[PDB]
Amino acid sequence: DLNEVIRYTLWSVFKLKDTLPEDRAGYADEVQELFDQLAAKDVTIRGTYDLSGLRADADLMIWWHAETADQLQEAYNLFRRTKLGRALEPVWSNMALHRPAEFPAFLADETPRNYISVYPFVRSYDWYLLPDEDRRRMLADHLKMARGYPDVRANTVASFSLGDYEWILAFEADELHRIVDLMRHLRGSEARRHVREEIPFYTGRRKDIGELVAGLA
């Protein structure tokens, strides 16, 4: 059903060039105004996240999605023209596209969650060549191992050929330690034998842009 709708999704991570000015009046309002105008074009900002402290080279993440990649490219450059954007250096910006699963929470469920963890993913070279039953069993068993974490909202979106990775993953939860515990628990899944890359991790706190701007150095 919702697999026939096309939705590109972009996670854009920035770090402070140094700090924001002591007088940062208008910084958040300008960005909120941009986000409001993007919403008129059905470009959705799902959240802005404070990453500072949890990573030395990242401070802010924007999660935005739209029907086309071009809309998100325009949004990205318009953000970089804001006063806040001009105080930031781009760090990591990766797009993904909802594709039908072989055997999406952000489109079905918009209720806010306090924390997020985002990371890219690359499977082993053998993974897509395995017998269909191997991959089906392993993807099924990781679902069963995740059933104890219904409070963690999981997104896994295809990114082949949009960048350096195969999937981008995003986990949303109201309690940060539940993301930690989920990830630790899934280390016991057999699919862990078929992983090549899963960093960088960008983890932080969802905040409204006003509070986000006020809190950054």
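Residues carry their position along the shown sequence, with the first being 1.
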| query | finding |
| --- | --- |
| Between residue 103 and residue 104 - deposited residues without coordinates, as a size class | 4 to 9 |
| Higher-scoring stretch by recorded Cα B factor average, 189 to 197 or 14 to 22 | 14 to 22 |
| 104 to 112 set against 83 to 91, stretch whose average Cα temperature factor tops the other in the entry | 104 to 112 |
| Largest Cα B-factor, entry values, listed residues 118, 72, 143, 96 | 143 |
| Highest recorded Cα temperature factor - choice among 150, 47, 53, 163 | 150 |
| CA B-factor ranking of residue 159, expressed as a third of its chain | lowest |
| Third assignment of residue 41 from its chain's C-alpha B-factors | highest |
